[PDB]
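Inspection log for the structure reproduced underneath, given as structure tokens.
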Amino acid sequence: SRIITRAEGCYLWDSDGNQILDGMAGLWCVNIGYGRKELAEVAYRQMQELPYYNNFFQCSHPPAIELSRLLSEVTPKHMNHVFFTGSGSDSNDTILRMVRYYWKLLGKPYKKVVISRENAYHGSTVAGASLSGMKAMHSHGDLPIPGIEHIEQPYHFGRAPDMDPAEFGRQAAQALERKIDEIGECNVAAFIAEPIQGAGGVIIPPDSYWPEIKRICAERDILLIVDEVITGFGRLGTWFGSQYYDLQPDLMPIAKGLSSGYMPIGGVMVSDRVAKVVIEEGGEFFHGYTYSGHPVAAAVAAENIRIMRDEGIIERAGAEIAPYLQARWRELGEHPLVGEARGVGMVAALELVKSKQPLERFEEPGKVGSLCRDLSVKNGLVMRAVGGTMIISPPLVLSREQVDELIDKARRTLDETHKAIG
Amino acid sequence: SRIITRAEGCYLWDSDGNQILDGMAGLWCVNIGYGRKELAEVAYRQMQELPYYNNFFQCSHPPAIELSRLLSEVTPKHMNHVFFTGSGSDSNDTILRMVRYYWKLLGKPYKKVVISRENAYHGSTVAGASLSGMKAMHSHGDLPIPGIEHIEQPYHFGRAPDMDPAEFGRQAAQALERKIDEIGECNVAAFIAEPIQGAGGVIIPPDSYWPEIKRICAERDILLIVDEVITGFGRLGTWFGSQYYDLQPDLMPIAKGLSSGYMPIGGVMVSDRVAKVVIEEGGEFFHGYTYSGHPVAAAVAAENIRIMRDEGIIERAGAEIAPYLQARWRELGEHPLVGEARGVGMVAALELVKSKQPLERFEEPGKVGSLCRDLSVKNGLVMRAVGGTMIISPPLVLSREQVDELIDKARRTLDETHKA
Amino acid sequence: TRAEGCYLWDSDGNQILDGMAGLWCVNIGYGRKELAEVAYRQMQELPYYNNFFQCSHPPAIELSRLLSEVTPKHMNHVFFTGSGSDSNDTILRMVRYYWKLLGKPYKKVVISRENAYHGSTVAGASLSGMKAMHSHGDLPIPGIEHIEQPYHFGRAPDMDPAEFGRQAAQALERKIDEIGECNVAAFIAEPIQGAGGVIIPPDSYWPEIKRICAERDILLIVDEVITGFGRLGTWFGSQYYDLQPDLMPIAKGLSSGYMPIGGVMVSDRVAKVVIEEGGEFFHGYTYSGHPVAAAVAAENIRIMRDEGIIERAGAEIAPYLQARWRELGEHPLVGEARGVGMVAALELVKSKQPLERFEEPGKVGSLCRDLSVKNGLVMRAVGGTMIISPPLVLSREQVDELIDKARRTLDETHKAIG
Amino acid sequence: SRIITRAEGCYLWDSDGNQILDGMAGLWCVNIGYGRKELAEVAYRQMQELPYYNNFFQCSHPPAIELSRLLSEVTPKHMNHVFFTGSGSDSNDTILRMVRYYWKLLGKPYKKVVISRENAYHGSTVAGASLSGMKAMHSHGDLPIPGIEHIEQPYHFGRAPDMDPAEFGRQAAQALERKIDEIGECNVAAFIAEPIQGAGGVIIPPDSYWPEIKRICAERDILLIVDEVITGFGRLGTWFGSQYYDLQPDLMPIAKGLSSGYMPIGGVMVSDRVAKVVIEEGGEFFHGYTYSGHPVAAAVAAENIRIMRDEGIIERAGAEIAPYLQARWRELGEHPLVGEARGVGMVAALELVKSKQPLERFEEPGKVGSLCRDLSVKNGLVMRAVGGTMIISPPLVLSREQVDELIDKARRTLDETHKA
């Protein structure tokens, strides 16, 4: 209902001339901010060079290879292969398809089960929507397809506000060992988790969770799938949310920040463990499946990544602005309407609550965040509402002046929300 | 293989200065031909104003809504509603999702099965690869997801060369009625077929098939899902392969030629029937989470469609160069190595056969076509080989002057292979 | 119908290349979507502007800055009006008021040229040398005299061009010493006469005329309606001939034909007098143009300099076009192949070896105009002159198209006449 | 000075959030009121199709022909013929040009004089400014181009406050017969007047006046030209101020409210009389007599006219809100600082005076009106001050609820001035 005339930097100007700070990077994706001519230029060039090449006819300096090199260099040091695709949901299909195929080639075809988390988002294909724990998506059809289970999420504030933050961290990761010993270790092929859940609020694991979950992936013989669709490309202060939590994923769906949202593209990083098996000594994969991603989108994604490592914008993001934003978000932790002030790197969330000292949640808390979102825009700041959780995922080029806009506009938006409610 | 440097029109010049008539529009997709600056311009202009935006906010003359009017005009027989996605494989996911969700809303949740065909291509996601009858993609152990069946394909030349084509046509279309009587009408949600199986050898149904399969879909209460990804946008002489065969799809995935291959986008056309139920009186938008279509990709695709109706290139393809190409492809049917000369509109195929009067196929017939494909690239003509099938999907910009070029490289390419 | 690029598709499904930019105006070509949006946006905000209440970021201010930036040189003031004909009225009106304020109300005469077009209002038609327009009543109004045009082909085909240029530019001093310098307020000329058949001055004319306008005390009015916005390779035909006008009508390419607008660049000399130290705007005062049209026109200039479409026009395709036009000078029907920048003409003649002209050459050219459209090329006819003013986005592949369609059109006409 | 931001209906909101009812129409022109998105829609759609009518050509269904059809049904009776131009000032040039040409074609080139009126506005070109009577414009030089004379205006209040209205009406229109009898009937080609002088104060002729002018224009062989630029399109209660005063103009300039001020355009309506002669038995006004206007401005203008006849806003304006507005305006005539309250249709004026029963006019009365204007905006009402005359030209969308707003802010605005 807003209608946007101009979009440049971290801003959205609206039809009536109102400047709106985009705290959401649109949809977690535009990391270098808007209005980058350098991406529109490389698109124009590649749409004229060759817009769709097959395997019998490659062009000269094809973008699939320019991109492949940059990503093997920017990604963790064990992941040095990539396969492309048309969005970030496609990525979770290929992972499902190939994680199972890895075990078949290792002689254990019974290993085909894939464990997820409740309130986890992994795509919207028929496989992304089954792996995703959003129980609302599962209504449409008998969606959770065979071989997909789901386990507890580490939402300390919403499940168990009183448990020791770190004892809960250990408990909710052992929820994985529980589901392993009920299904059968030899039936489980892998575990997939966002380093942080975007779509469910900014649900951040206690610092204990990921360590225990890595332990379990060793005692039991299973692959790790980290979904860097959102936490990828500077979103957690680091190139990939894996290196924030010292994970060694055996697969990673990527998208969004790959092209800063300027072009549909997704891919999957493939660790060297699983590459020796499915690529060498394996060609039934890539049968019909063809992973020479759309050349125009890989061309943009290449320039997108050059822009971020050469102008050091994600290195500056994690070193200079991420602290200030996180330190100052906590400041909103004292507003009477706010229960938790959550956040890591360049992403953050607020919990909206009826009273704090007894900490009672609202009956219908979505109606409360749904209002606060409508008043953040009406005060010049985009901020999503999952439930009564307010979230921001700003572009990575944000400047400290633009966080003090964000904080002061948030405080105003909370004060207005707090007056209406009582 | 060859390193294409430049590409304009229907030609690809490679590192060595060789002109190569692209008979495969790249991968059945570049319909307005290569080298159309007007599309690269509109992409440049849209990536500058708004490269992407949340659905809460919108653009002023949003690119996706303009596209939607065009698709509701070029062919809206009764299809005046479209949902978009990131590729054409994503598209068949949204159909399976929503075909099941439509019957749920009419009180029949047990109607959830979708019948496909053997050797049909319907995507490469985990649902496209299940719907598709390619037995190689199924190699997985349990790829065909629950609730997907497959039936006989109407490949007259390869299934049953002697049967009368129209009785073989009715035979393969009743394979649909047979599968319904085993599965149970109340379990079947819909049946889906390409109008012509592209990815599987240009396998053209006898003229008897589609008439029957529409009959079965009416007597039985099952939705018809026509896959215009590969046949859509002039490829079949008409705007869409449906109006050529008088179909009334209740869903049509489209892609590849929506944007003439310049930009990842696909969608599903939605007939006014199924639209009444799922859109009004229902909240699933779109597959199950909102996707209004990437503005940059919708911007290209829209201008691409204008270029095609406003310069009338799908009209000229279907009126002047298709008849000519179809007339002349047949001319190759007499060559000693050609059993069938198949073709409709701007798509066509040849079968390679060891002997014709005894009608022998090769043992290992794939080895022969891969050699003939290798000899068209070597003679300046791209030509795909599915099996012992040679196929062409030239762009819609071909000129009558250029079909005579394509025929000659074909006749030239065949003489050599018969000589090996 | 579906006009896109340099092409106009017809009601009958036919592709026609517009070598006329419609009417000397669509410079960024047709089918430019970004201009329709800024119109949509501006019509939504407000439809009027006056001093007692105006909108925010009114386009008149944006356009005024753009027209006083890498567009003119010593002209840093502009006034807007509803067309390019209104523009020559404002100039006529204010040239006289400039002298009134210097104590010289006797200075009110304005010398023009024969076959110069300067508008179609009652004063544009007086300033214009077209004698068909003068019939309507006693049109040539008081003031306004006319002198010889520098049309070397039709006036004096054999004289040395360089001096024929000096002679026709002294026609200005001759008319001054006949009327009286202290009665003359100014001289007005297109840098090139478009509507009169792309009449290109010998390189000598414009040099002399600058001489005369110093020795004699008179203002210079250069009519950049057609030659403005790249038509001559340069932003304005002034900087092609190193002229320094004290007034310039601008229109047409101001908005590439997308929205009615015109203006006047006003040199700093004459602004010190009429603007500072003067009124003039006493309910005339419609110095504010229509906001929607200024908004369209502003985007038009950004697009033209930001994509450098007139810098490329003069540097890359104009030479190709001009050079390739000359090739038609060999055709049996062609005496001269004239042309500068992005504009050019052909003269149709009965024969070349004695240079014989036609009995009724318009009836011959009116025929060729009718056959260029029929072979897919718009080409206007002044008399027996064929003229083209293609949009500035033309591509060399489309000039090779323009030349081939012309040669065919000339060959066909050469068969008919014979 | 007063920055406006959003504008809707009969309202303007400024930078401080103040609602200001526009009692003018900006410049007498916005008739369908502000904020009509449907006008921006048709302009965006036309600028894409054909932004510049080439030559003797057409797009598909050119906008100039539809405008002419609408304008020949809206201005029917004699008329049925129209030209186009870029402003309304350009229009009076085309009239002067062709009125002289009409007589030239009748063998009478000496009939070339055009009689106008003092303090009348007819344009800002050198001919509009010659015809226009206000000497502020003529002082620039010898503006009155040869062949233009001017006569007395029918301003009962300012010329002759005591003469009986009807007798002063006959007295002033015979100023036309006097001037014919001095110049020579055979030199006078036509006489032209606004039905009501807008730009010069809302000077409304006595009811006796226009009857005499029609008398004079018959006995003597001279054409009548009525300037419906300001009074046209509902401004005078009826579609055109002509039919209110039952005039039969042989030419009418139109412009404001042709497009509600959203797009530069004007035209001249041409009676059948002058049409037979300048079209047939002549027509050497080139192919372009003028015509076409501008495809875009014609499209905007066509839509503006549909909105006014399909929603009947000009029929309702004179039938429902106008009677009311004129009746309540009289009320302000009783205020001690107000002498005369004039008004017709959707236009009305007030005279500012020192005392009423001695009838003293102010010395420097514009300074009183300039002050009252600045105080009407200061109290949320636009109201022009031509001299010491206050005038209002509210849009035609005004509501009876909205007239009570205008009277109250007026009475309030008048009280402030009365002690100052």
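Residues in the structure tokens are named by chain (A, B, ... in the order shown) and by number from 1 within that chain; ligands are numbered from 1 in the order shown.
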
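Since chain B and chain D are the same sequence, their C-alpha atoms pair in order, and the RMSD after least-squares superposition is 1.0 Å.
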
Could you list, as a PyMOL selection string, every residue of chain A that has an atom within 12 Å of an atom of chain D, counting only C-alpha atoms? chain A and resi 15-18

With chain C as the partner and 10 Å as the cut-off, tabulate the residues of chain B that qualify, each row holding the nearest pair of atoms and their distance in Å to one decimal, using only C-alpha atoms, sorted by chain and rising number, as a Markdown table.
```
| residue | atom | partner | partner_atom | distance |
| --- | --- | --- | --- | --- |
| B:38 | CA | C:5 | CA | 8.9 |
| B:42 | CA | C:33 | CA | 9.4 |
| B:45 | CA | C:34 | CA | 8.6 |
| B:60 | CA | C:37 | CA | 8.4 |
| B:61 | CA | C:37 | CA | 8.1 |
| B:306 | CA | C:2 | CA | 9.4 |
| B:307 | CA | C:2 | CA | 9.7 |
| B:310 | CA | C:2 | CA | 6.6 |
| B:311 | CA | C:13 | CA | 8.0 |
| B:312 | CA | C:13 | CA | 8.1 |
```

Once DSSP has gone over the backbone, tell me which residues of stretch 124-238 of chain B are in strand (DSSP E or B), as a VMD selection string. chain B and resid 133 148 to 151 188 to 193 197 203 223 to 226

Can you write just those residues out, N, CA, C and O atoms, as a PDB file, in the first residue's frame?
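Heads up, here's the output in out_5.pdb:
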```pdb
ATOM      1  N   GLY B 133       8.646 -38.636 -16.285  1.00  0.00           N
ATOM      2  CA  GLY B 133       8.722 -40.041 -16.597  1.00  0.00           C
ATOM      3  C   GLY B 133      10.095 -40.530 -16.997  1.00  0.00           C
ATOM      4  O   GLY B 133      10.253 -41.698 -17.374  1.00  0.00           O
ATOM      5  N   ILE B 148       2.113 -39.697  -7.239  1.00  0.00           N
ATOM      6  CA  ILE B 148       2.433 -39.408  -8.630  1.00  0.00           C
ATOM      7  C   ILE B 148       2.428 -40.767  -9.320  1.00  0.00           C
ATOM      8  O   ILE B 148       3.080 -41.696  -8.836  1.00  0.00           O
ATOM      9  N   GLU B 149       1.641 -40.912 -10.389  1.00  0.00           N
ATOM     10  CA  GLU B 149       1.653 -42.071 -11.279  1.00  0.00           C
ATOM     11  C   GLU B 149       2.161 -41.714 -12.681  1.00  0.00           C
ATOM     12  O   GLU B 149       2.344 -40.543 -13.009  1.00  0.00           O
ATOM     13  N   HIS B 150       2.391 -42.737 -13.532  1.00  0.00           N
ATOM     14  CA  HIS B 150       2.882 -42.515 -14.899  1.00  0.00           C
ATOM     15  C   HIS B 150       2.276 -43.479 -15.898  1.00  0.00           C
ATOM     16  O   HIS B 150       2.140 -44.658 -15.594  1.00  0.00           O
ATOM     17  N   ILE B 151       1.983 -43.022 -17.120  1.00  0.00           N
ATOM     18  CA  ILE B 151       1.309 -43.877 -18.077  1.00  0.00           C
ATOM     19  C   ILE B 151       2.049 -43.904 -19.413  1.00  0.00           C
ATOM     20  O   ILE B 151       3.113 -43.315 -19.588  1.00  0.00           O
ATOM     21  N   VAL B 188      -7.802 -39.347  -7.919  1.00  0.00           N
ATOM     22  CA  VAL B 188      -7.005 -38.667  -8.932  1.00  0.00           C
ATOM     23  C   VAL B 188      -7.323 -37.183  -8.943  1.00  0.00           C
ATOM     24  O   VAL B 188      -8.451 -36.793  -9.262  1.00  0.00           O
ATOM     25  N   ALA B 189      -6.293 -36.357  -8.749  1.00  0.00           N
ATOM     26  CA  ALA B 189      -6.459 -34.909  -8.768  1.00  0.00           C
ATOM     27  C   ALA B 189      -6.288 -34.308 -10.161  1.00  0.00           C
ATOM     28  O   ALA B 189      -6.994 -33.364 -10.518  1.00  0.00           O
ATOM     29  N   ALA B 190      -5.396 -34.842 -10.983  1.00  0.00           N
ATOM     30  CA  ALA B 190      -5.257 -34.307 -12.318  1.00  0.00           C
ATOM     31  C   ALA B 190      -4.249 -35.091 -13.131  1.00  0.00           C
ATOM     32  O   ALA B 190      -3.453 -35.892 -12.633  1.00  0.00           O
ATOM     33  N   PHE B 191      -4.277 -34.801 -14.397  1.00  0.00           N
ATOM     34  CA  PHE B 191      -3.434 -35.451 -15.354  1.00  0.00           C
ATOM     35  C   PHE B 191      -2.658 -34.362 -16.024  1.00  0.00           C
ATOM     36  O   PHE B 191      -3.232 -33.302 -16.273  1.00  0.00           O
ATOM     37  N   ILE B 192      -1.352 -34.604 -16.277  1.00  0.00           N
ATOM     38  CA  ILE B 192      -0.501 -33.589 -16.893  1.00  0.00           C
ATOM     39  C   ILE B 192       0.381 -34.149 -17.992  1.00  0.00           C
ATOM     40  O   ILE B 192       1.021 -35.203 -17.854  1.00  0.00           O
ATOM     41  N   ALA B 193       0.458 -33.363 -19.059  1.00  0.00           N
ATOM     42  CA  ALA B 193       1.188 -33.738 -20.242  1.00  0.00           C
ATOM     43  C   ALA B 193       1.676 -32.484 -20.937  1.00  0.00           C
ATOM     44  O   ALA B 193       0.963 -31.483 -20.992  1.00  0.00           O
ATOM     45  N   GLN B 197       5.987 -33.888 -26.292  1.00  0.00           N
ATOM     46  CA  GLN B 197       7.059 -34.128 -25.353  1.00  0.00           C
ATOM     47  C   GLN B 197       8.308 -33.578 -25.993  1.00  0.00           C
ATOM     48  O   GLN B 197       8.709 -34.017 -27.073  1.00  0.00           O
ATOM     49  N   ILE B 203       8.420 -35.945 -29.555  1.00  0.00           N
ATOM     50  CA  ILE B 203       7.434 -37.013 -29.645  1.00  0.00           C
ATOM     51  C   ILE B 203       6.066 -36.367 -29.798  1.00  0.00           C
ATOM     52  O   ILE B 203       5.496 -35.857 -28.837  1.00  0.00           O
ATOM     53  N   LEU B 223      -8.507 -32.511 -13.218  1.00  0.00           N
ATOM     54  CA  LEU B 223      -8.047 -31.284 -13.839  1.00  0.00           C
ATOM     55  C   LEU B 223      -7.031 -31.605 -14.909  1.00  0.00           C
ATOM     56  O   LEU B 223      -6.234 -32.533 -14.774  1.00  0.00           O
ATOM     57  N   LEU B 224      -7.025 -30.809 -15.953  1.00  0.00           N
ATOM     58  CA  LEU B 224      -6.072 -31.011 -17.016  1.00  0.00           C
ATOM     59  C   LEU B 224      -5.010 -29.976 -16.796  1.00  0.00           C
ATOM     60  O   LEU B 224      -5.330 -28.795 -16.645  1.00  0.00           O
ATOM     61  N   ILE B 225      -3.759 -30.432 -16.775  1.00  0.00           N
ATOM     62  CA  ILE B 225      -2.578 -29.616 -16.559  1.00  0.00           C
ATOM     63  C   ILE B 225      -1.735 -29.797 -17.794  1.00  0.00           C
ATOM     64  O   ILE B 225      -1.189 -30.876 -18.014  1.00  0.00           O
ATOM     65  N   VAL B 226      -1.596 -28.736 -18.579  1.00  0.00           N
ATOM     66  CA  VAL B 226      -0.815 -28.746 -19.805  1.00  0.00           C
ATOM     67  C   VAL B 226       0.478 -27.998 -19.540  1.00  0.00           C
ATOM     68  O   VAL B 226       0.453 -26.908 -18.957  1.00  0.00           O
TER      69      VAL B 226
END
```

Pick out the residues sitting within 12 Å of residue B:8, and hand them over as JSON, numbers by chain; count only C-alpha atoms, and ignore anything fewer than 4 positions along from it in its own chain. {"A": [47, 48, 49, 50, 51], "B": [4, 12, 13, 14, 19, 20, 21, 22, 25, 30, 32, 33, 34, 35, 36, 37, 395, 397]}

Atoms to include: N, CA, C and O atoms. Write the selected residues as a CSV table (one decimal), in the first residue's frame.
```csv
chain,number,residue,atom,x,y,z
A,47,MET,N,23.9,-9.9,-20.9
A,47,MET,CA,22.7,-10.2,-21.7
A,47,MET,C,23.0,-10.0,-23.1
A,47,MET,O,22.3,-10.6,-24.0
A,48,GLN,N,24.0,-9.2,-23.5
A,48,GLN,CA,24.3,-9.0,-24.9
A,48,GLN,C,25.4,-10.0,-25.3
A,48,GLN,O,25.4,-10.5,-26.5
A,49,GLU,N,26.3,-10.4,-24.4
A,49,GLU,CA,27.3,-11.4,-24.8
A,49,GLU,C,26.6,-12.7,-25.2
A,49,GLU,O,26.6,-13.1,-26.4
A,50,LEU,N,26.1,-13.5,-24.2
A,50,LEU,CA,25.4,-14.7,-24.5
A,50,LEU,C,24.5,-14.9,-23.3
A,50,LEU,O,25.0,-15.1,-22.1
A,51,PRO,N,23.2,-14.9,-23.5
A,51,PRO,CA,22.3,-15.1,-22.3
A,51,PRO,C,21.9,-16.5,-21.9
A,51,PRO,O,21.3,-16.6,-20.9
B,4,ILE,N,31.8,-20.3,-28.3
B,4,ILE,CA,31.1,-19.2,-29.0
B,4,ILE,C,31.6,-17.9,-28.5
B,4,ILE,O,31.6,-17.6,-27.3
B,12,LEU,N,25.5,-18.3,-34.4
B,12,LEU,CA,26.5,-18.3,-33.3
B,12,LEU,C,27.9,-18.3,-34.0
B,12,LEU,O,28.2,-19.4,-34.6
B,13,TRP,N,28.7,-17.3,-33.9
B,13,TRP,CA,30.0,-17.3,-34.5
B,13,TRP,C,30.9,-17.8,-33.3
B,13,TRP,O,30.7,-17.4,-32.2
B,14,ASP,N,31.8,-18.7,-33.6
B,14,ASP,CA,32.7,-19.3,-32.6
B,14,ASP,C,34.1,-18.7,-32.7
B,14,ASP,O,34.4,-17.9,-33.6
B,19,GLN,N,30.2,-19.6,-38.8
B,19,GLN,CA,28.8,-19.2,-38.7
B,19,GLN,C,28.1,-20.5,-38.4
B,19,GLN,O,28.3,-21.5,-39.2
B,20,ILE,N,27.3,-20.6,-37.4
B,20,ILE,CA,26.6,-21.8,-36.9
B,20,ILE,C,25.1,-21.5,-36.8
B,20,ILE,O,24.7,-20.8,-35.8
B,21,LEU,N,24.2,-22.0,-37.7
B,21,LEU,CA,22.8,-21.7,-37.5
B,21,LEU,C,22.4,-22.5,-36.3
B,21,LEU,O,22.6,-23.7,-36.2
B,22,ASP,N,21.8,-21.8,-35.3
B,22,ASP,CA,21.4,-22.4,-34.0
B,22,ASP,C,20.0,-23.0,-34.2
B,22,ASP,O,19.0,-22.2,-34.2
B,25,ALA,N,17.4,-22.9,-30.6
B,25,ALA,CA,17.2,-21.7,-29.8
B,25,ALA,C,17.8,-21.8,-28.5
B,25,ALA,O,17.2,-21.3,-27.5
B,30,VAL,N,15.4,-19.3,-26.7
B,30,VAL,CA,15.4,-17.9,-27.2
B,30,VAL,C,14.5,-17.8,-28.4
B,30,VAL,O,14.9,-18.0,-29.6
B,32,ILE,N,12.9,-14.7,-29.5
B,32,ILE,CA,13.1,-13.5,-30.3
B,32,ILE,C,14.5,-13.5,-30.9
B,32,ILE,O,14.9,-12.4,-31.4
B,33,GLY,N,15.2,-14.5,-30.8
B,33,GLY,CA,16.6,-14.6,-31.3
B,33,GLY,C,17.6,-13.9,-30.4
B,33,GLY,O,17.2,-13.3,-29.4
B,34,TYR,N,18.8,-14.0,-30.7
B,34,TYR,CA,19.8,-13.4,-29.9
B,34,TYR,C,19.9,-11.9,-30.3
B,34,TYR,O,19.3,-11.4,-31.3
B,35,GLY,N,20.8,-11.2,-29.6
B,35,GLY,CA,21.1,-9.8,-29.9
B,35,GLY,C,20.1,-8.7,-30.0
B,35,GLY,O,20.1,-7.8,-30.8
B,36,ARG,N,19.1,-8.8,-29.1
B,36,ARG,CA,18.0,-7.8,-29.0
B,36,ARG,C,18.4,-6.9,-27.9
B,36,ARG,O,18.1,-7.1,-26.7
B,37,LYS,N,19.0,-5.8,-28.2
B,37,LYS,CA,19.4,-4.8,-27.2
B,37,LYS,C,18.1,-4.5,-26.4
B,37,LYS,O,18.3,-4.3,-25.2
B,395,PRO,N,14.9,-20.6,-33.6
B,395,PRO,CA,14.2,-19.4,-33.1
B,395,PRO,C,13.0,-19.0,-34.0
B,395,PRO,O,12.9,-19.5,-35.1
B,397,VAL,N,12.6,-16.2,-35.4
B,397,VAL,CA,13.1,-15.2,-36.3
B,397,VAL,C,13.6,-15.7,-37.6
B,397,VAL,O,13.9,-15.0,-38.5
```

Long-range neighbours of residue B:352 as a ChimeraX atom specification, 7 Å cut-off, only C-alpha atoms, 6 positions minimum in chain: /B:337-339,388-389

Near-stretch 259-267 of chain D list (8 Å; only C-alpha atoms; drop same-chain fewer than 5 positions) as a VMD selection string: (chain C and resid 43 47 to 48 82 260 290 292 to 293) or (chain D and resid 29 to 33 39 82 to 88 90 to 91 253 to 254 293 to 294 297 to 298 300 to 302 304 to 305)

Find the residues around stretch 254-262 of chain A up to 8 Å (only C-alpha atoms counted), leave out those fewer than 4 positions away in its own chain, and share them as a ChimeraX atom specification. /A:28-33,39,87-88,91,227-230,232-233,266-269,297-298,300-302,304-305 /B:47,51-52,296

Excluding residue A:418 and any residue of its chain fewer than 3 positions from it, enumerate the residues within 10 Å of it, using only C-alpha atoms, and give them as a PyMOL selection string. chain A and resi 335-338+352-354+368+372+412-415+421-422

Would you write out those residues with C-alpha atoms, as an mmCIF file, in the first residue's frame?
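Done, and the output landed in out24.cif:
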```cif
data_model
loop_
_atom_site.group_PDB
_atom_site.id
_atom_site.type_symbol
_atom_site.label_atom_id
_atom_site.label_comp_id
_atom_site.auth_asym_id
_atom_site.auth_seq_id
_atom_site.Cartn_x
_atom_site.Cartn_y
_atom_site.Cartn_z
ATOM 1 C CA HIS A 335 11.847 -0.178 26.939
ATOM 2 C CA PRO A 336 8.793 -1.228 28.956
ATOM 3 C CA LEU A 337 7.399 -3.199 26.006
ATOM 4 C CA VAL A 338 10.527 -5.315 25.400
ATOM 5 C CA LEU A 352 6.922 -7.612 22.480
ATOM 6 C CA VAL A 353 5.239 -8.533 25.803
ATOM 7 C CA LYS A 354 2.229 -7.533 27.962
ATOM 8 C CA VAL A 368 0.847 -6.420 18.392
ATOM 9 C CA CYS A 372 4.400 -2.080 15.378
ATOM 10 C CA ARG A 412 9.619 6.119 18.865
ATOM 11 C CA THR A 413 7.832 3.148 17.279
ATOM 12 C CA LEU A 414 7.886 1.268 20.584
ATOM 13 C CA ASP A 415 6.624 4.265 22.549
ATOM 14 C CA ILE A 421 -1.680 -1.138 24.170
ATOM 15 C CA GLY A 422 -2.134 0.550 27.559
#
```

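The residue that comes closest to residue C:130, out of C:256, C:351, C:112, C:90 and on the basis of only C-alpha atoms, is C:112.
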
I need the chain C residues near chain A as a VMD selection string; criterion: at most 12 Å, counting only C-alpha atoms. chain C and resid 37 to 38 40 to 42 44 to 46 55 to 57

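Interface residues on chain D toward chain B (cut-off 12 Å, only C-alpha atoms): residues 40, 41, 44, 45 and 49 of chain D.
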
Keeping only N, CA and C atoms, take the residues you just selected and write them out as a PDB file, in the first residue's frame.
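Result file is again06.pdb:
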```
ATOM      1  N   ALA D  40      -3.835  10.767 -14.948  1.00  0.00           N
ATOM      2  CA  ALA D  40      -2.454  10.314 -15.074  1.00  0.00           C
ATOM      3  C   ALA D  40      -2.374   8.959 -15.760  1.00  0.00           C
ATOM      4  N   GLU D  41      -3.382   8.111 -15.571  1.00  0.00           N
ATOM      5  CA  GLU D  41      -3.355   6.792 -16.194  1.00  0.00           C
ATOM      6  C   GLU D  41      -3.354   6.923 -17.718  1.00  0.00           C
ATOM      7  N   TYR D  44       0.041   8.265 -19.173  1.00  0.00           N
ATOM      8  CA  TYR D  44       1.096   7.246 -19.175  1.00  0.00           C
ATOM      9  C   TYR D  44       0.869   6.228 -20.285  1.00  0.00           C
ATOM     10  N   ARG D  45      -0.394   5.826 -20.487  1.00  0.00           N
ATOM     11  CA  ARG D  45      -0.680   4.833 -21.511  1.00  0.00           C
ATOM     12  C   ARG D  45      -0.436   5.425 -22.894  1.00  0.00           C
ATOM     13  N   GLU D  49       2.506   4.584 -26.337  1.00  0.00           N
ATOM     14  CA  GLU D  49       2.067   4.171 -27.668  1.00  0.00           C
ATOM     15  C   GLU D  49       2.631   5.084 -28.749  1.00  0.00           C
TER      16      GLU D  49
END
```

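Shortest atom-to-atom contact with residue A:322 among A:205, A:138, A:400, A:288: A:400, counting only C-alpha atoms.
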